[PDB]
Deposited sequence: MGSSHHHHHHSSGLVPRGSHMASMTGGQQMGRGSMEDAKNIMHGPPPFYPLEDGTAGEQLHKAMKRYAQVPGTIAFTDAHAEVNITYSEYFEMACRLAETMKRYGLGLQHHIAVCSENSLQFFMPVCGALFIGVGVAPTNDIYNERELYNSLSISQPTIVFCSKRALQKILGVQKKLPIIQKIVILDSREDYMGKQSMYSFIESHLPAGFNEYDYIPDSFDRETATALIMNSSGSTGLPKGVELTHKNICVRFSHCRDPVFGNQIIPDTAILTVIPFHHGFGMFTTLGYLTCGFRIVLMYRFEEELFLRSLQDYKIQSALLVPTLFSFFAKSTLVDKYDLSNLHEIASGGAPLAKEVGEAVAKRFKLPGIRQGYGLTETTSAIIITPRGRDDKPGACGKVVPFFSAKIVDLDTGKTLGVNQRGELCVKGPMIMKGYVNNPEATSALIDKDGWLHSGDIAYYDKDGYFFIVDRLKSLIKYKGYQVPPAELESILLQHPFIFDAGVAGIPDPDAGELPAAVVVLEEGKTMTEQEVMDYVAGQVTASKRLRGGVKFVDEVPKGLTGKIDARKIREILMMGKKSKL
């Protein structure tokens, strides 16, 4: 059992409270420093500050509670990456209402299948997504309300966030007196994510990610005026749990609803970005790109994927283009909330490794035929155990049991080994 790798203790002890309570507390502090930027739309050039974001999140929270939503209800958010995407997400976490980030590029059948699993009472959607959501609403009576995200006025006969709020929020609502709900973080559904199944993640699951993201070895240091650029879809686990964590760190999250090479590189330079978050196939793109050295990227210290493992050689080619000593890798699955193996900050001598096991977690390598635990440098199936492991697949205890054994180990399906320094490598 010296052959099981364990993460170390977190730098800071695990904070109490639900995920909504932790997020509210951080956002409320950043809201009181005027001009602190939460999100920036790289296409439109519009910035939204933490005081704006905190105020909208508290108003949506109270509005949804007055409308009648509680722990037994869910909501969906279906939208391209945008400034408004996270408003209903934060608000719902405040009040213990499960949130379902729902791919906005799904076709009708796919969307129906996703929303059939999550059963949302309210869908928040963008203008682009409305027509398909209206189609699916005809087949899913649970969907009683649609609210438009990216509109300042009512659109196509649907209320905007502002008009929805106005319909329910009492006169004199003060966001600074608002208090998020408390409930059992171990069991309360925080998010339902897609993996074609629903992955139910709990508040405790997100609270542990919130430890890692603010950890000086396993996350990012909270340093004022840190900006990050992400082109990861907010409905992917890799995009949701990096972005949500950044809100707890008070960072400026620069977004793009569409990838374009020049806009991406210009944004990195002009916004003095410190970390850039890519999807795996954009690593391959950036290994081809020669435009990169026309830009001043002297502020950039990190390229990451949120836990999608990368081939060693593509990782090294990208790092070289961007004049960095390496990529910051990780390994996670939607079913593990986020990355449970992460490269320790500032360490770039293990190219090819996905990193070390995160605090609160254990990882082992097993023989594929036997289940037998293997030792150092020996290849087998990667299994992981810890408090970011999903509650289970929505409505599918058979698939849950096939993935996670009776001792709490999730069997990832990947082949891996670890080395003498405790670094893991996916084969």
### Task
Extract from the deposited sequence all ranges with no corresponding C-alpha coordinates, numbering residues from 1.
1-37, 233-238, 471-582
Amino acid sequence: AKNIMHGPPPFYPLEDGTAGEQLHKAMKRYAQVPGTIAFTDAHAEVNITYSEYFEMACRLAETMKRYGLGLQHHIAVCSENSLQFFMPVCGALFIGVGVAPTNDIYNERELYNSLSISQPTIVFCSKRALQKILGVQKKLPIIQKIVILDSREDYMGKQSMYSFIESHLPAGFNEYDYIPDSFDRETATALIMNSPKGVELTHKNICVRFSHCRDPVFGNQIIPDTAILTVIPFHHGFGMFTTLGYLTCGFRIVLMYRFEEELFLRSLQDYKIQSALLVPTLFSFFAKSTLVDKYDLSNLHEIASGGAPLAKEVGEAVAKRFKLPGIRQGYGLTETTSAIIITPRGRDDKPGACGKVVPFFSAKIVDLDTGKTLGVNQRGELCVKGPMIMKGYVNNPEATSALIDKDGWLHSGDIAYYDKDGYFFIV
From here on, numbers count along this sequence of modelled residues.
### Task
Going by the average Cα B-factor in the PDB entry, point out whether 243-251 or 131-139 comes out higher.
131-139
### Query
Higher mean Cα B-factor in the deposited model: 93-101 or 352-360?
352-360
### Query
Reading the B-factor column of the entry, which of 263, 125, 277, 223 has the highest value at its C-alpha atom?
223
### Query
Between 79, 107, 337, 202, where does the Cα B-factor run highest in the record?
107
### Message
Considering every modelled residue of the chain and its Cα B-factor in the PDB entry, is residue 32 in the lowest, middle or highest third?
### Response
middle
## Note on the structure
Temperature factor at the Cα of residue 159, chain-ranked in thirds, falls in the middle
### Summary
For residue 20, the third of its chain by CA B-factor is the lowest
### Query
Lowest, middle or highest third: where is residue 268 by Cα B-factor in its chain?
lowest
### Message
By the recorded C-alpha temperature factor, relative to the other modelled residues in its chain, which third is residue 58 in?
### Response
lowest
